[PDB]
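Chains as they are written, first to last, in the entry's author numbering: chain K, 1 to 97; chain c, 29 to 75; chain O, 37 to 355; chain D, 34 to 71; chain f, 3 to 57; chain g, 52 to 151; chain d, 2 to 120; chain N, 1 to 344; chain M, 1 to 458.
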Ligand SMILES: CCCCCCCCCCCCCCCCCC(=O)OC[C@H](COP(=O)(O)OCCN)OC(=O)CCCCCCCCCCCCCCCCC
Ligand SMILES: CCCCCCCCCCCCCCCCCC(=O)OC[C@H](COP(=O)(O)OCCN)OC(=O)CCCCCCCCCCCCCCCCC
Ligand SMILES: Nc1ncnc2c1ncn2[C@@H]1O[C@H](COP(=O)(O)OP(=O)(O)O)[C@@H](O)[C@H]1O
């Protein structure tokens, strides 16, 4: 289990480096952002499962339910952006300078 | 007068009575609390 | 004050709009018959009638309603506009900027009456039509280019928020005939105005104001003869179909916010005072302080409406 | 004779999107008053 | 008597401050009255029919 | 040009109110703003104040010390004691560090 | 502090605070709160452009009487909190006596602070 | 906004911080943070101006990744201690990541860049909610983990925010931008004393809220997002010129006003704990904050900037009465230093 | 001491509540009497200083000032009735209140037992002063002057804040009484050598030292007359009062940590005195005169010999009164002339006979004429400085020669020579102008009769 947890944790860091190093299209980011939620969901489920801690399984899912809406909001902002610029490049989001 | 009349020309008599009446409830509770308090303090301690 | 609470517990403008509920405005041209038709169209259609915006229209609007001294009303003279075009002090631009602020107040007061009472609105020339005077003024030497930009910036900042005129009427009489109409009009300042300047005013309407509003609002063009016949024009208004235009999307929950804007005059013209320092517009601190420290001392103006005892307000000690 | 109230020029400096404008920092011009861009 | 129009309403503002002031400064004494007469240099014994040395 | 007022001249307040005392333009306020300033200023601060300050008694004890010296000098000289002994805190009271 | 034994998890002033003397209504502080209040009132009138002192004489009262009301019941508590602090502090000094031993300074006669001459 | 939606959102923006504060199961603290993120985004784009969409899309990405990092800390703890909550034993890195993520949500210092940009381009009213109500939920988590978080990490976070906030303020003339750069500095004072005296962390917050809430309702009374705009305050509404003056000097630490107490007791607590290195440098650049506060003072009060002729028109129409609470918190701020012993 | 203070606070209600026409006389008449109540503190028939109550105390050093602080409010309000008589009736009542708060705050600062009470009240006095200088300042540069006056004091102030909180932890209370009767002896470490600088630097800044005095020339130049009187008479002396009460602790270090300042001040005294010799703005020259005559004071509050301190207390009260007198008459010339230039307005005695007598007596107070407390003061600082090092007389000897030259030059090129041909005709002197002066000098004559009262703690 410890080895698998290491992989999942680095997966989250590789997904961390991704969302903290943008490149053009935002939908990539939001997509990356989701890669973390999967890694968190997998790790939470894994330890809960090998701790036989059934009282906590509710969490693995609460994490997904909140993460899904979180993403819903994220995509509506994205659609709003390629309606105002139509190209969804993190590049044009600089009016606030 | 005014072409556009004020909204406040004749007093909002509710706003007086909940402003005046509220304050007089505050005192009667406050002064009550003090004397009541003083007593609790006296009896709870020696006097 | 009208507020969401009213809305939540009623007060839905949508339940007060009638077939005659529209913002009708006759742009017209100088010394034309813009007023008569309007007063009449107002009379027969039952629409509220609003007079053309004036220097002291805001003072008549606020408090006592007695006309303010010129310097209190922004020191603008239409009279001086004419006798001294391209003046060193720029009274003409200051006149135009105050005029735009006055119609902004008039249009907003009109919208407030429309959404509250539900009676339709006739306001003569509108903010949308005001630009023709400035276009003509820049066409000749009256105003310089930046002056134009400053008006355009104020127009772009404030005019979009307000909903467009439902329909616009165009009482047109030719460049020469208005000048003879001017000639018999008694004032001498109206007389001797440039024929080319009048040329630029009506041309600006025909070139920009109609077509522009042609797509957006119900544009009705009437020749002089159709005019002076309020009955016929009134008939045609009652005839046009109020369909095309941004007004279609105004649901009750959308009107509420617009109402709360016009309900607040201090906001209607908030962008009219934007801190852009073109020289004509600038009060100047020493003169401005004296003018404010003098306007604020007028009876009933020192304190808010309802609280100044000079004019006879009472109950101040409990308000 | 008049405590000097600020003239237009004293006021001008406070305009601009940054008080101390440097190279390639004056490029920035103030944001639209309406908070809406063209 | 409190003639209005700034007649005695105001003129009595500052003077009244003084009195209130003196009322507090003689009240501060009342608080800081330990060592009332227990100081070494000035510890006389109470003279007959005198309540306290300094009041 | 940006609209602003033309320089305000300073009035010769001495042209009207030829009895101007410098406090206010209208004459009665001026008279009553010097009749109360010379009075409260000079007449009962420089006079009553100096009277009271002059009569503060033996300020900071320097009227007491010119007698206490005189009886100490009277007492010390007649009894043969040194007028200002050379150590004040008696040596006996002091417990000097013994070793050093 | 919290975690302190008996802590009332969400109460304002535990009844233990009854034992403490009640704040005298004229305590300078409550009187300050009063003035603090009157000023709030006056300020309001000013910002809303009303005769400053001759208006809202009902509000004036609500203010001077709201602030003051608040005071007595706040000070009543803050007073308790401080009083708990001593109960707590003094107690510890004893329960753990060795750590706070009573020093015994020497009469200056004995101590020898060095003398730096000004000259 | 269909008033129903307004209610649902506002309830969430308010249930968001409240769940965070009330719960102890960290998870429930995370979703409290999550609900705040979801509720604020709709209001941010209310004008739906091109600037706004930019604001929300930044705020959301910055908020979202930080939220994910906070969750990772909770997930990691769950495996280092079965508990769903930080304990004495917690691995230091676990707490440090939590510290960095919540500072990200507060935009405390290294991540300070998002806060000025997000504040610009959102209405002033939502800006007040963003700077004050939104900030309480993240700090509530930190106050709970007070003993665990490491002293060195936040001390440098705090010193960085004082420096960046002060520097940002001098250059910015955009009033809303200026409000953000003070909140980064004030947030630095709050965390500086967080590992030491949390009560003082809270005090340095309330006072900031009782100072900023009046200051912003002042900026919007005339809806001026420019200093030039606030400078013509003397013509639009003269009375607020007096208190705007004191509140801004109160926001900076000048001694007679209420604003000194938070800095004074934080310095007293840090010296009690021996950080006389750190405290000194903070207080010194804290003085830089007052310089930009007073520069605004100059423009708005001590000197009268020239106004446009149309300003006479706005004087004519009756002015919008400012809120009842603007008056009470304006005197509460700027005038409660004599009541300082009971405040702490 | 709440009669010198509470009745003062009540002045504020009177300036506001009173009629616009009668506001000036109610305020000036009442504070004259407020000064009379202040005189009661002078009744010290014993060495034991007067601890009125826990927070409020008055010892020989504070008492001579509290009375001066109360005395100038009347005068300040009489010197600013002219300018500030062109205002809107609510700008006046603000100026009058601002002046009132200064002495309320200054009376308390000079009469404060807890050193941090000094700090909070100490640094508060900047708020009223900055408003007086910036809001009513005539010149375009007062925004700048205000910045200089706020930052130089503020950057000095936060170090003192850290230092005083530091000693409270080290000793356990900032109460001047206890701190005095308790053993606080610094240990000449490198750190203490910093503490000492932290405590003294904030006081040394508002007491213009040669290194940091640029704030005072700029501030008094554009400041209105009332602000310039307050800065010279009471505001600068706040720094001296602080140095006397704070060096009770930090007793060992100043023996060797003072040399830097002492030399800065004595050389500074010469250069500041000299630039007065060719400065075209009269208010400029009085300000540098103020820097030099205050540079003597920081060189006596550091030598720390009984006479120094006594000389300092004599000179501070005396120079305070003299400087204002000079700043007040400078204003009277400025208002009729309308320019600060010294070269214009030559020959005034020919047209303003008495003001010239006041000018002459003010200058003789400025230079050290002997039957004056001003000379007694310098004579004493001079003596101790000589004791510190016999060579000091050379530098304190170039200052006396220069001080004579600029003091008389102010009289020679302003109040003598041929009259200016036709400047705006100079209206005669008001009785207010002359009294405002008489009120400054009559006390200078009375104090010189019995110097003991302003003799300091030593
Ligand atoms: C510790 C003390 C610190 C210093 C305290 C004194 C200074 C406070 C800081 C002031 C900062 C702002 C200075 C410049 C303000 C300019 C205000 C102004 O120009 O006046 C116009 C304003 C509105 O006018 P309005 O009242 O409507 O009537 C006239 C209409 N044109 O009318 C006004 O704004 C003027 C009236 C405002 C309300 C009264 C305030 C008067 C000052 C009270 C000082 C109290 C000091 C107490 C000191 C205690 C010390 C322990
Ligand atoms: C208090 C602190 C500072 C406050 C400054 C502002 C205060 C203003 C409000 C209060 C004003 C009055 C209080 C201050 C003046 C006090 C006057 C005074 O104390 O007179 C004392 C004197 C008695 O003499 P005494 O010293 O007791 O006897 C010595 C015994 N070894 O009694 C007298 O002899 C009175 C004599 C009156 C007339 C004397 C005139 C003598 C002039 C001599 C010098 C002439 C040349 C001066 C040259 C000056 C050049 C500038
Ligand atoms: N912006 C403006 N520029 C020029 N003139 C204006 C402006 N606004 C209003 N006016 C004046 O208002 C008048 C309205 O004319 P109208 O009442 O139809 O007939 P008459 O010209 O006889 O008064 C116009 O003549 C015009 O001079």
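Backbone N, C-alpha and C fix where the C-beta goes; we use that ideal spot for every residue, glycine too.
At a cut-off of 8 Å between beta-carbon atoms, residue 355 of chain O makes contact with chain d. Around residue 59 of chain K, the same chain offers 44 and 48 as residues with beta carbons nearer than 8 Å, after the five sequence neighbours per side are excluded.
By the criterion of at least three beta-carbon pairs nearer than 8 Å, the stretch 310-326 of chain M is not in contact with the stretch 337-357 of chain M. Residue 208 of chain O is bridged by DSSP to O:259. Of the heavy atoms belonging to ligand 1, none sits nearer than 7 Å to the Cβ of residue 27 of chain M. Nearest CB-CB separation between residue 345 of chain O and chain N: not below the 8 Å threshold. With a 10 Å radius around the Cβ and a threshold of 16 neighbouring Cβ atoms, residue 422 of chain M comes out exposed.
Shortest gap from the CB of residue 18 of chain f to any heavy atom of ligand 2: 7 Å or more. Within chain D, the C-beta atoms nearer than 8 Å to that of residue 227 of chain N come from 47, in chain order. Counting along the chain, residue 12 of chain N sits inside the alpha helix (DSSP H) bounded by residues 3-22.
Among the residues of chain D, none has a CB under 9 Å from the CB of residue 46 of chain N; the nearest is roughly 11 Å distant. No Cβ of chain N is located within less than 8 Å of the beta carbon of residue 195 of chain O. For residue 59 of chain O, the uninterrupted beta strand (DSSP E) run begins and ends at 59-62, by DSSP. Only residues of its own chain outside the window of five on either side were considered, and among them 181, 184 and 185 have a CB closer than 6 Å to the CB of residue 165 of chain N, listed in chain order. Using a Cβ-Cβ cut-off of 8 Å, residue 34 of chain f is close to 53 and 54 of chain M, given in chain order. No heavy atom of ligand 2 is found nearer than 7 Å to the CB of residue 31 of chain M.
In the three-state DSSP reduction, residue 55 of chain g falls in the coil class, being neither helix nor strand. Residue pairing by DSSP leaves residue 117 of chain N without any beta bridge partner. The count of Cβ pairs closer than 8 Å, one atom from the stretch 310-320 of chain N and one from the stretch 161-172 of chain M, stays below three, leaving the stretches out of contact.
Under DSSP, residue 281 of chain M takes part in a beta bridge, and its partners are M:341. Take residue 315 of chain N, set aside five residues on each side of it, and the residues of its chain with a beta-carbon closer than 7 Å to its own are 235, in chain order. By the neighbour-count definition (other C-beta atoms within 10 Å, threshold 16), residue 59 of chain c is an exposed residue.
For the stretch 80-108 of chain g, the set of positions with a beta-carbon nearer than 8 Å to some beta-carbon of chain D is empty. Apart from sequence neighbours up to five positions away, the residues of its chain that approach residue 304 of chain O with a beta-carbon distance below 7 Å are 140, 141, 144, 297 and 298, ordered along the chain.
For residue 25 of chain K, the three-state secondary structure derived from DSSP is strand. Proximity of chain D to residue 307 of chain O at the Cβ level (cut-off 8 Å) is accounted for by 66 and 67, in chain order. Spanning the alpha carbons of residue 293 of chain M and residue 287 of chain N requires a straight line of approximately 31 Å.
Using a Cβ-Cβ cut-off of 8 Å, residue 31 of chain N is close to 62 and 66 of chain K, given in chain order. For residue 58 of chain M, the secondary structure class from DSSP, reduced to helix, strand or coil, is strand. Any heavy atom of ligand 1 within less than 6 Å of a residue's beta carbon puts that residue on the list, which reads O:329, O:332, d:47, N:238, N:239, N:241, N:242, N:245, N:246, N:256, N:301, M:12, M:90, M:94, M:97, M:98, M:101, M:104, M:105, M:124, M:127, M:128, M:131 and M:135.
In terms of beta-carbon proximity, residue 304 of chain N lines the interface with chain D, with at least one pair separated by less than 8 Å. Residue 406 of chain M carries a helical assignment under DSSP once its states are collapsed to helix, strand and coil. Runs of the alpha helix (DSSP H) lying entirely within the stretch 71-116 of chain N, each at least 4 residues long, are 92-106 in chain order.
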